Amino acid sequence: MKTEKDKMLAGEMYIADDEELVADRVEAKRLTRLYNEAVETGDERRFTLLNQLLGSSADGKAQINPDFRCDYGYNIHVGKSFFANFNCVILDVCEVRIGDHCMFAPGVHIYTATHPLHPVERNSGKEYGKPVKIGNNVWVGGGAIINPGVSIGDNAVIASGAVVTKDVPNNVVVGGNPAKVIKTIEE
Amino acid sequence: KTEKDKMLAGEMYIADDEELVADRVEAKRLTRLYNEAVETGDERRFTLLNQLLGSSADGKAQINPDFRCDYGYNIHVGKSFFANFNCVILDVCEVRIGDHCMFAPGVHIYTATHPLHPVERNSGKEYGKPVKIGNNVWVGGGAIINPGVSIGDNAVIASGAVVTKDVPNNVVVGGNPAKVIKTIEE
Amino acid sequence: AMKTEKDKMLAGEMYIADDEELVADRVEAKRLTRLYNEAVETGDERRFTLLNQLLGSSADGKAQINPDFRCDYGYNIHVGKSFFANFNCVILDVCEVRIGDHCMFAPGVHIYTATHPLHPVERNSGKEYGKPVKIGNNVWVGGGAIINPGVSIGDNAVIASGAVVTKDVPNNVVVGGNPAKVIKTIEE
Ligand SMILES: CC(=O)SCCNC(=O)CCNC(=O)[C@H](O)C(C)(C)COP(=O)(O)OP(=O)(O)OC[C@H]1OC(n2cnc3c(N)ncnc32)[C@H](O)[C@@H]1OP(=O)(O)O
Ligand SMILES: CC(=O)SCCNC(=O)CCNC(=O)[C@H](O)C(C)(C)COP(=O)(O)OP(=O)(O)OC[C@H]1O[C@@H](n2cnc3c(N)ncnc32)[C@H](O)[C@@H]1OP(=O)(O)O
Ligand SMILES: CC(=O)SCCNC(=O)CCNC(=O)[C@H](O)C(C)(C)COP(=O)(O)OP(=O)(O)OC[C@H]1O[C@@H](n2cnc3c(N)ncnc32)[C@H](O)[C@@H]1OP(=O)(O)O
C-alpha cells in the first residue's frame with residue numbers, strides 16, 4: 001500500500017528504478033543543469049531556478065556555486081543565508097535538514113543514500129537512506145563528507161577533508177578520517 | 001613498439017606522443033557529449049558511453065555526470081555497472097571492474113602515476129599500474145583507489161577511504177590510508 | 001588610506017566578502033572559467049589565451065589545466081613553467097597562491113587560501129579572511145589532496161593522494177594521510 005517513494009522517504013528499502021523515482025531524478029538532473037548554467041553565467045534567474053530545485057529555503061536566496069548536484073532536490077531544506085561553494089553534492093534520498101547561517105566550502109558531500117553490507121541484499125535492486133540533520137552556524141570545511149544518518153549540532157566546525165561518520169555535538173571542531181573531536185569552541 | 005604499447009605494459013611512456021595526445025583529446029570531446037546526454041536525459045547516452053568505455057558486459061552502464069577519464073578505452077566493466085556523480089577514472093592502464101559494482105559520488109580510480117624523483121618525473125615520461133575490482137564491490141563516496149590496487153569480491157570501501165594497497169574479498173576497509181574495519185559473512 | 005575591502009583581503013586581514021568589487025570579481029571569474037573549461041574540453045587552441053586572462057600569471061603562458069577548473073578570483077594564482085593540473089582542481093585564491101616550476105596536480109586537488117573565524121558570531125559577521133599558500137618547484141600533488149590555507153610546500157615534495165595537508169611541508173619529502181605526515185624522504 002506504500003509507493004516506492006513512500007518507502008524511500010521512510011528509511012525503508014525501496015526500488016531505486018521505480019518509475020516515479022526515476023522521473024524525479026531525470027527532472028532534477030535537467031533543472032540542475034539550468035541552475036548551474038544560471039549561476040555560472042551570473043544570471044538573476046538562478047534563484048528562481050534554485051527555488052524550484054530545493055525542497056525549501058528560509059529566504060529563497062540560498063547561494064550555491066557551480067556545479068551543484070543532487071538526487072531529487074525536494075528533500076533538501078535549508079535555513080537563512082545558506083552558502084555552498086563549488087562542486088557540492090547532496091544525495092537527498094531522505095531528508096537533508098540544514099539550519100541557518102551554514103557554510104559549505106568546495107567539494108562538500110552529504111549522503112543520505114546507502115546500501116546493505118551484504119552482496120545479495122545490496123544487489124537486490126532495493127536500497128535505503130538515513131536522513132541528515134545539520135544545525136545552525138555550522139561551518140563545513142572543504143571536501144568534508146557527511147555520512148548517512150549523521151546529525152551535527154549548532155556552531156560545529158567540520159575541518160577540511162573530514163569524514164564525519166558519527167553525530168557531532170554542538171560547539172566542537174572535528175577532523176580526521178574517521179573524524180573525531182579535536183577542539184571545543186568556548187561560546 | 002609504440003608509446004601506447006609501453007603505456008599499456010606499465011612501462012615508461014612519453015605522455016606527449018602524437019597518438020596518445022589525440023586519444024586524450026578525443027576522450028575529452030566525447031565525454032562532454034556523454035555528460036550532456038546524461039544530464040539532459042537522452043537515451044543516446046548509452047550509445048555514447050559504449051563508444052567511450054573499452055567494454056561493458058551489458059552495454060547498459062549507468063554513469064552520472066560529470067564523468068571524466070583519460071582514454072576511456074582502457075575501462076572494462078561487468079554488468080549492471082553504476083557510478084554516481086563526478087567519478088574520475090585515469091585509465092592509462094587497464095581498469096577492470098566486475099559485475100554489480102557500485103561507485104558512490106566522487107570516486108576516483110587512478111592507474112596513472114609518476115616517478116618520485118624530480119628529474120625522472122619531469123622528463124616527459126610517465127607510467128601506470130592497472131587496477132582490478134572484483135564483483136559486488138561497493139565503493140563509497142569520495143574514495144580513492146590507487147594505481148596497482150586490487151579489490152576482491154564483495155568488498156565494501158568506506159566513503160573517504162584512500163585505498164593504497166590490495167583489499168581482500170569480503171572485507172570493509174576505511175580510513176586514510178585505508179585499513180580493514182570488519183570482515184563480511186556472505 | 002584610500003584602502004578597499006579587496007586590499008584588506010589580499011593582505012590577509014578581515015574583509016567583507018560581499019563588497020561589491022569583490023562580488024563582481026567572483027562573477028567575472030566564473031564567466032571566464034566557464035569559457036576556459038569549454039575551450040579545454042573541446043580541444044581549442046585558444047584555451048591558453050583564455051587561461052592567461054584568468055590566472056594572475058604563468059611563467060610561459062602554456063599552463064595545462066584540464067576541465068572543470070574552478071577558482072575564486074583567478075588573478076591571485078601565479079604559476080611557474082610547465083604547470084599541469086588534471087581534472088577538476090579547485091583553487092580558492094582569496095590570497096596569493098604561488099606555485100613554482102614543473103608542478104603537477106592530479107585530479108581533484110584543492111588549494112584553499114580562504115578561511116573563517118571559529119566563533120559563530122564573528123564568522124556570521126559578513127567578514128572573513130585568508131592565508132596565502134606557497135608551493136615550490138617540482139612538487140607533485142597526488143589526486144584529491146587538500147592544501148589548507150597558509151601552508152608552504154617545499155621543493156621536490158610529493159603529496160600522496162588523499163592527503164590533507166594542514167602544516168608546512170619541507171623540501172624533498174613524501175607526505176600522506178589525514179593529517180598529512182612524512183612517509184619518506186626523496187633525494188635525487
Ligand atoms: C551508489 C550510491 O550513490 S549510494 C552510496 C552513497 N553513500 C555512501 O557512500 C555512504 C558511505 N557509508 C559508509 O562509509 C559506512 O560507514 C559503511 C559502509 C562503512 C557502513 O558501516 P555501518 O556499520 O552501517 O555504520 P557504523 O558507523 O556503525 O560502522 C561501525 C564502525 O565503523 C566505523 N566506521 C564507519 N565508517 C568508518 C571509516 N570511514 N573509517 C573507519 N571506521 C569507520 C565506525 O567508526 C564504526 O566504529 P565501531 O563499530 O568500531 O564503534
Ligand atoms: C565557505 C568557503 O568557501 S571558505 C572555507 C574553505 N577552506 C577550508 O575548508 C579551510 C579548512 N580549515 C581547517 O581545516 C582548519 O585547520 C581548522 C578549521 C581546523 C582551523 O583550525 P586552526 O586552529 O586554525 O589550525 P590548528 O593547526 O591550530 O588545529 C590543531 C590541530 O588540528 C589540526 N588540524 C587542523 N586542521 C586539520 C584538518 N583539516 N584535518 C585534521 N586535523 C587538523 C591540526 O593538525 C592541528 O594539529 P595539532 O593540535 O596536533 O598541532
Ligand atoms: C598529475 C597526474 O595526473 S598523475 C597522479 C594520478 N594519481 C595519483 O595520485 C597517484 C598517487 N600515488 C600515491 O599516493 C603513492 O602512494 C605515493 C605517491 C605515496 C608513492 O608511494 P610508493 O612508494 O610508490 O608505493 P608504496 O605503497 O610502497 O609506499 C610506501 C608506504 O607509504 C604508504 N603509503 C602509500 N600511500 C600512503 C598514504 N596515502 N598515506 C600514508 N601512507 C601511504 C604506504 O602505506 C607505504 O607504507 P610502508 O612501506 O611503510 O609499509
# chains A, B, ... in the order shown; residues from 1 in each chain; ligands from 1
>>> residues_near_ligand(ligand="ligand 2", cutoff="8 Å", atoms="only C-alpha atoms and all ligand atoms", output="number ranges by chain")
A: 83-86, 103-106, 139-143, 157-162, 173-176, 179, 182-183; C: 92, 112-116, 118, 148-149, 164-167, 178-179
>>> residues_near_ligand(ligand="ligand 3", cutoff="8 Å", atoms="only C-alpha atoms and all ligand atoms", output="VMD selection string")
(chain B and resid 90 110 to 116 146 to 147 162 to 165 176 to 177) or (chain C and resid 84 to 87 104 to 107 140 to 144 158 to 163 174 to 178 180 to 181 183 to 184)
>>> residues_around(residues="range 69-71 of chain B", least_positions_apart="3", cutoff="10 Å", atoms="only C-alpha atoms", output="compact mmCIF listing (two decimals) with N, CA and C atoms, in the first residue's frame")
# COMPACT_ATOMS: atom_id res chain seq x y z
N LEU B 20 48.79 9.20 -28.39
CA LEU B 20 48.22 9.30 -27.07
C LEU B 20 47.49 10.64 -26.88
N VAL B 21 48.16 11.72 -27.26
CA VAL B 21 47.58 13.04 -27.19
C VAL B 21 46.23 13.12 -27.90
N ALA B 22 46.16 12.59 -29.12
CA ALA B 22 44.90 12.58 -29.86
C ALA B 22 43.86 11.72 -29.17
N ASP B 23 44.31 10.61 -28.59
CA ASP B 23 43.39 9.78 -27.85
C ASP B 23 42.72 10.56 -26.72
N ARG B 24 43.54 11.28 -25.94
CA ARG B 24 43.06 12.04 -24.79
C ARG B 24 42.13 13.16 -25.21
N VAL B 25 42.45 13.79 -26.34
CA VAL B 25 41.63 14.87 -26.86
C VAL B 25 40.28 14.35 -27.34
N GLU B 26 40.28 13.20 -28.00
CA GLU B 26 39.03 12.59 -28.41
C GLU B 26 38.20 12.22 -27.18
N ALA B 27 38.85 11.62 -26.17
CA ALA B 27 38.16 11.23 -24.95
C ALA B 27 37.44 12.41 -24.28
N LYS B 28 38.14 13.54 -24.12
CA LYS B 28 37.53 14.72 -23.51
C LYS B 28 36.32 15.19 -24.29
N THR B 31 33.45 12.64 -23.89
CA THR B 31 32.99 12.80 -22.51
C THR B 31 32.02 13.98 -22.30
N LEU B 52 32.76 5.14 -25.68
CA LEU B 52 33.81 5.69 -24.81
C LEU B 52 34.51 4.62 -23.98
N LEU B 53 33.73 3.85 -23.22
CA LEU B 53 34.29 2.76 -22.45
C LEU B 53 34.93 1.73 -23.37
N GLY B 54 35.93 1.02 -22.85
CA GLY B 54 36.59 -0.03 -23.59
C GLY B 54 35.57 -1.13 -23.84
N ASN B 74 40.35 1.95 -21.97
CA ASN B 74 41.01 1.00 -21.09
C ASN B 74 40.13 0.60 -19.92
N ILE B 75 38.88 1.04 -19.96
CA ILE B 75 37.95 0.76 -18.88
C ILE B 75 37.01 -0.35 -19.33
N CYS B 87 32.56 10.94 -10.99
CA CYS B 87 33.61 9.96 -10.87
C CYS B 87 34.72 10.27 -11.89
N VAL B 88 35.96 9.97 -11.51
CA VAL B 88 37.11 10.17 -12.38
C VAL B 88 37.90 8.88 -12.47
N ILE B 89 38.16 8.45 -13.69
CA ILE B 89 38.99 7.26 -13.89
C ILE B 89 40.14 7.54 -14.84
N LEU B 90 41.37 7.50 -14.32
CA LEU B 90 42.56 7.63 -15.16
C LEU B 90 43.01 6.25 -15.63
N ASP B 91 42.64 5.92 -16.86
CA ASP B 91 42.82 4.58 -17.37
C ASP B 91 44.01 4.53 -18.32
N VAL B 92 45.18 4.99 -17.86
CA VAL B 92 46.38 4.83 -18.69
C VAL B 92 46.68 3.33 -18.88
N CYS B 93 46.46 2.54 -17.83
CA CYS B 93 46.47 1.09 -17.91
C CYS B 93 45.06 0.56 -17.70
N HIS B 108 37.35 8.25 -7.20
CA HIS B 108 38.45 8.33 -8.16
C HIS B 108 39.23 7.02 -8.23
N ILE B 109 39.46 6.54 -9.44
CA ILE B 109 40.33 5.40 -9.72
C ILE B 109 41.50 5.88 -10.58
N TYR B 110 42.71 5.69 -10.06
CA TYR B 110 43.94 6.07 -10.76
C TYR B 110 44.80 4.87 -11.13
N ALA B 112 47.23 5.96 -13.45
CA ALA B 112 48.33 6.86 -13.76
C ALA B 112 49.13 7.23 -12.51
N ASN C 86 45.30 18.20 -13.51
CA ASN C 86 44.33 17.30 -14.10
C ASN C 86 42.87 17.69 -13.74
N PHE C 87 41.94 16.78 -13.96
CA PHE C 87 40.53 17.11 -13.91
C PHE C 87 40.09 17.72 -12.59
>>> closest_residue(among="B:98, B:10, B:105, B:124", to="ligand 1", atoms="only C-alpha atoms and all ligand atoms")
B:105
>>> interface_residues(of="chain C", to="chain B", cutoff="7 Å", atoms="only C-alpha atoms", output="list in words")
residues 41, 42, 43, 102, 138, 156, 162, 177, 178, 186 and 188 of chain C
>>> write_last_selection(atoms="N, CA, C and O atoms", output="compact mmCIF listing (two decimals), in the first residue's frame")
# COMPACT_ATOMS: atom_id res chain seq x y z
N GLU C 41 38.01 21.57 -22.81
CA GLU C 41 37.23 20.37 -23.08
C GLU C 41 37.09 20.06 -24.57
O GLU C 41 37.13 18.91 -24.96
N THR C 42 36.91 21.07 -25.40
CA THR C 42 36.68 20.81 -26.81
C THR C 42 37.97 20.86 -27.59
O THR C 42 37.96 20.77 -28.80
N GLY C 43 39.08 21.02 -26.88
CA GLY C 43 40.37 20.96 -27.52
C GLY C 43 40.73 22.18 -28.33
O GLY C 43 41.53 22.08 -29.25
N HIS C 102 57.40 23.24 -12.93
CA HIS C 102 57.29 21.79 -13.05
C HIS C 102 56.47 21.16 -11.94
O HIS C 102 56.80 20.06 -11.47
N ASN C 138 59.04 21.54 -8.70
CA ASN C 138 58.97 20.07 -8.81
C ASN C 138 58.06 19.38 -7.82
O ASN C 138 58.31 18.23 -7.46
N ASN C 156 60.39 19.79 -4.46
CA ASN C 156 60.51 18.34 -4.62
C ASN C 156 59.62 17.49 -3.75
O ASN C 156 59.74 16.26 -3.78
N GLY C 162 44.93 11.93 -1.61
CA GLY C 162 44.04 11.99 -0.46
C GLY C 162 44.61 12.66 0.77
O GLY C 162 43.97 12.71 1.81
N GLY C 177 48.35 10.90 4.27
CA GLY C 177 47.43 10.72 5.37
C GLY C 177 46.64 11.96 5.78
O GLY C 177 46.74 13.04 5.17
N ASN C 178 45.84 11.78 6.81
CA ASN C 178 44.99 12.84 7.35
C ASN C 178 45.12 12.86 8.87
O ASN C 178 44.56 11.99 9.52
N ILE C 186 63.02 12.04 -0.11
CA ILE C 186 63.35 11.79 -1.51
C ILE C 186 64.55 12.60 -1.86
O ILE C 186 64.51 13.82 -1.78
N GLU C 188 67.46 13.33 -5.04
CA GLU C 188 67.59 12.99 -6.46
C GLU C 188 68.57 11.84 -6.76
O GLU C 188 69.79 11.94 -6.52
>>> residues_near_ligand(ligand="ligand 1", cutoff="6 Å", atoms="only C-alpha atoms and all ligand atoms", output="list in words")
residues 111, 113, 114, 147, 165 and 178 of chain A; 84, 102, 103, 104, 105, 140, 141, 158, 159, 174 and 175 of chain B
>>> closest_residue(among="A:67, A:121, A:154, A:187", to="residue 98 in chain A", atoms="only C-alpha atoms")
A:154
>>> select_by_dssp(residues="range 53-188 of chain C", states="alpha helix (DSSP H)", output="ChimeraX atom specification")
/C:53-54,120-123
>>> interface_residues(of="chain A", to="chain B", cutoff="8 Å", atoms="only C-alpha atoms", output="list in words")
residues 26, 29, 30, 33, 69, 89, 117, 118, 119, 123, 145, 147, 163, 177 and 178 of chain A
>>> write_last_selection(atoms="N, CA, C and O atoms", output="compact mmCIF listing (two decimals), in the first residue's frame")
# COMPACT_ATOMS: atom_id res chain seq x y z
N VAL A 26 15.41 12.33 -13.32
CA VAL A 26 15.78 12.92 -14.60
C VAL A 26 15.32 14.36 -14.61
O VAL A 26 15.93 15.19 -15.28
N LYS A 29 18.10 16.31 -12.56
CA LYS A 29 19.27 16.49 -13.40
C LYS A 29 19.07 17.61 -14.43
O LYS A 29 19.95 18.47 -14.62
N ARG A 30 17.93 17.60 -15.12
CA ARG A 30 17.60 18.66 -16.07
C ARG A 30 17.55 20.06 -15.45
O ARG A 30 18.10 21.00 -16.01
N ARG A 33 20.99 21.30 -14.36
CA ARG A 33 21.80 21.80 -15.47
C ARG A 33 21.53 23.28 -15.77
O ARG A 33 22.46 24.07 -15.93
N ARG A 69 25.23 19.21 -7.44
CA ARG A 69 24.50 18.01 -7.85
C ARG A 69 23.62 17.56 -6.71
O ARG A 69 24.02 17.63 -5.53
N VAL A 89 27.85 18.19 -3.42
CA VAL A 89 26.95 17.13 -3.82
C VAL A 89 26.08 16.74 -2.64
O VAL A 89 26.58 16.50 -1.52
N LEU A 117 25.37 -4.14 3.57
CA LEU A 117 26.77 -4.57 3.51
C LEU A 117 26.94 -5.87 2.74
O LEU A 117 28.00 -6.13 2.16
N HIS A 118 25.88 -6.67 2.73
CA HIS A 118 25.94 -7.99 2.11
C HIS A 118 25.49 -7.95 0.66
O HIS A 118 24.47 -7.32 0.34
N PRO A 119 26.23 -8.64 -0.20
CA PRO A 119 26.15 -8.61 -1.67
C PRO A 119 24.76 -8.92 -2.23
O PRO A 119 24.38 -8.39 -3.29
N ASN A 123 22.64 -6.16 -4.00
CA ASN A 123 22.43 -6.36 -5.42
C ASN A 123 20.98 -6.62 -5.77
O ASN A 123 20.67 -6.96 -6.91
N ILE A 145 32.99 15.01 4.19
CA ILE A 145 31.93 14.06 3.85
C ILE A 145 31.05 13.86 5.08
O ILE A 145 31.54 13.59 6.18
N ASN A 147 28.24 11.44 6.36
CA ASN A 147 27.63 10.15 6.04
C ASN A 147 26.15 10.11 6.41
O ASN A 147 25.66 11.00 7.11
N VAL A 163 35.98 13.05 7.42
CA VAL A 163 34.96 12.06 7.12
C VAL A 163 34.08 11.85 8.36
O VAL A 163 34.43 11.09 9.26
N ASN A 177 39.74 11.19 9.60
CA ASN A 177 39.10 10.21 8.75
C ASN A 177 39.30 8.82 9.35
O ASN A 177 40.30 8.18 9.05
N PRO A 178 38.35 8.35 10.18
CA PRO A 178 37.07 8.98 10.53
C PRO A 178 37.30 10.13 11.47
O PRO A 178 38.24 10.08 12.26
>>> interface_residues(of="chain A", to="chain C", cutoff="6 Å", atoms="only C-alpha atoms", output="list in words")
residues 40, 41, 137, 155 and 176 of chain A
>>> atom_distance(atom1="CA of residue 12 in chain C", atom2="CA of residue 134 in chain C")
14.2 Å
>>> atom_distance(atom1="CA of residue 96 in chain B", atom2="CA of residue 132 in chain B")
4.8 Å
